[PDB]
Amino acid sequence: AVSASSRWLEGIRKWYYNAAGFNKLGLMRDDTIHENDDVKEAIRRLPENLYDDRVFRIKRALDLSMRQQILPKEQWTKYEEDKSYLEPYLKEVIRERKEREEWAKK
Amino acid sequence: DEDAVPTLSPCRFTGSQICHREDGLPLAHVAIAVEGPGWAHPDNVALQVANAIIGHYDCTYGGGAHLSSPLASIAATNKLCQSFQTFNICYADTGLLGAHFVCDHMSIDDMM
Amino acid sequence: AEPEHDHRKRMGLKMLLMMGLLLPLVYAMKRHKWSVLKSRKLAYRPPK
């Protein structure tokens, strides 16, 4: 259904994504997340392929940050191509903690 | 016999490091070498004398503590090692002179 | 007010001349050691 308002909402989201600039280092959104306990558990649950891809992406970014350089524009992560690979692991970890917290109430 | 031969061009040695990090693998392999001279060179003999002093080791040798080589003795006593070997690989006018070893992840720094 | 004025400035010249030597040289020392890192190449080689 939804057309004109949605693309503008997406436009501000896409604008901010580019201004954030983790994509200039080849980072995905989920690579940049602060490692709390919920997050560390989500990393631990990642499958082999995704875990190893995550590390290479961090390494390549820390390497760039040391040299104070960025990737060629060709190689920046496109907002449309940004895979929220951690989110469903993290969501489930949060859901598990919240159930424990409800049981601890009663 | 006939035209177009090459003789061997000399091969530049570079002080350098390659690090294939693979944590899935149960033991680390490290090889380290300086530039040897060639096949031809008289001081290959004295380098080999020296390499024999450092020697080789393996976890299936008799003699932990009592082995003559201080590398072999300490590697056995302190469990630093599954194996090491000295080498002097020779090519025309260049070589690889040093040592290879195989060890646990927590033992590389001590072995070096 | 300031008997040290003349000594202060002679020392001052001696400082700037020394710092003009020592700052580029210590910089060159830090650049030497850091070279190993600043020119490092990474490759990712996963199975399949």
Side-chain angles (χ1 to χ4, degrees), chain A residues 15-36 39-40 43 54-77, chain B residues 10-23 28 30-37 47 50 54 70-71 74 80 94-99 101 103 105-112, chain C residues 1-45:
Chain A
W15 174 75
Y16 182 77
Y17 186 95
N18 297 132
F22 51 90
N23 73 307
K24 286 183 196 99
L25 315 172
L27 297 165
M28 297 205 210
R29 191 205 65 190
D30 280 351
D31 309 328
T32 73
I33 220 303
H34 190 230
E35 252 167 82
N36 66 31
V39 168
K40 269 168 105 113
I43 320 307
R54 191 212 205 264
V55 344
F56 184 64
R57 271 184 252 116
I58 323 288
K59 192 145 177 62
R60 208 237 291 97
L62 299 157
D63 186 75
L64 290 153
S65 170
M66 164 199 81
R67 282 189 287 104
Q68 236 93 213
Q69 266 267 234
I70 56 148
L71 290 167
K73 223 219 185 90
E74 312 95 86
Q75 286 177 63
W76 301 0
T77 66
Chain B
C11 294
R12 183 189 68 196
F13 189 103
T14 311
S16 57
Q17 195 154 292
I18 184 167
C19 290
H20 197 152
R21 167 81 99 85
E22 220 297 64
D23 285 359
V30 185
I32 170 151
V34 294
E35 205 192 335
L47 285 176
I54 286 139
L71 187 51
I74 275 128
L80 296 184
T94 193
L96 289 168
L97 171 90
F101 64 86
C103 71
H105 79 115
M106 293 314 294
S107 277
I108 315 171
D109 198 275
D110 293 335
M111 261 314 290
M112 199 88 254
Chain C
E2 200 191 31
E4 77 271 19
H5 180 276
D6 275 29
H7 206 176
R8 199 202 87 199
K9 286 175 179 212
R10 197 205 235 91
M11 281 196 198
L13 170 78
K14 281 185 177 180
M15 187 271 287
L16 289 171
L17 288 164
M18 284 289 85
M19 222 63 84
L21 225 98
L22 281 176
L23 277 169
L25 286 167
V26 174
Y27 193 43
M29 281 177 75
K30 118 97 235 217
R31 284 289 203 137
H32 179 265
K33 248 92 161 104
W34 273 84
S35 275
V36 180
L37 292 180
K38 301 271 162 114
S39 94
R40 93 180 162 175
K41 269 107 152 76
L42 318 160
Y44 183 47
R45 277 184 72 87

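Worth knowing before you read on, the calculation uses all heavy atoms, side chains too, and leaves out hydrogens, waters and symmetry mates. In what follows, every chain begins at residue 1, and chains take the letters A, B, ... in the order their sequences are listed.
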Is it true that atom [atom1] of [X] has more than 12 heavy atoms of other residues, nucleotides or ligands lying nearer than 6.0 Å?
{"X": "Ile32(B)", "atom1": "CD1", "answer": "no"}
{"X": "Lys40(A)", "atom1": "NZ", "answer": "no"}
{"X": "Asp109(B)", "atom1": "CG", "answer": "no"}
{"X": "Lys73(A)", "atom1": "NZ", "answer": "no"}
{"X": "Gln17(B)", "atom1": "CD", "answer": "no"}

With rounding to the nearest 0.5 angstrom, report the [atom1] to [atom2] distance, [X] to [Y].
{"X": "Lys24(A)", "Y": "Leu71(A)", "atom1": "NZ", "atom2": "CG", "result": "11.5 Å"}
{"X": "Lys14(C)", "Y": "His7(C)", "atom1": "NZ", "atom2": "NE2", "result": "7.0 Å"}
{"X": "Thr32(A)", "Y": "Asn23(A)", "atom1": "OG1", "atom2": "CG", "result": "11.0 Å"}

Would a 4.5 Å heavy-atom cut-off, applied to side chains only, mark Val30(B) and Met111(B) as touching? no
Any non-hydrogen side-chain atom of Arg60(A) less than 4.5 Å from a side-chain atom of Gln75(A)? no
With a 4.0 Å cut-off, would you call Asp63(A) and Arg67(A) a salt bridge? yes
Between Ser35(C) (side chain only) and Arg31(C) (backbone N and O only), is there a donor and an acceptor less than 3.5 Å apart? yes
What are the two closest heavy atoms between [X] and [Y], and how far apart are they?
{"X": "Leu96(B)", "Y": "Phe13(B)", "answer": "CD2-CE1, 3.8 Å"}
{"X": "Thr94(B)", "Y": "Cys11(B)", "answer": "OG1-O, 4.1 Å"}
{"X": "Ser107(B)", "Y": "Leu80(B)", "answer": "CB-O, 3.2 Å"}
{"X": "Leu25(A)", "Y": "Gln69(A)", "answer": "CD2-O, 3.7 Å"}

Using 30° and 60° as the class boundaries, would you call the ring planes of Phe22(A) and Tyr17(A) parallel, tilted or perpendicular? perpendicular
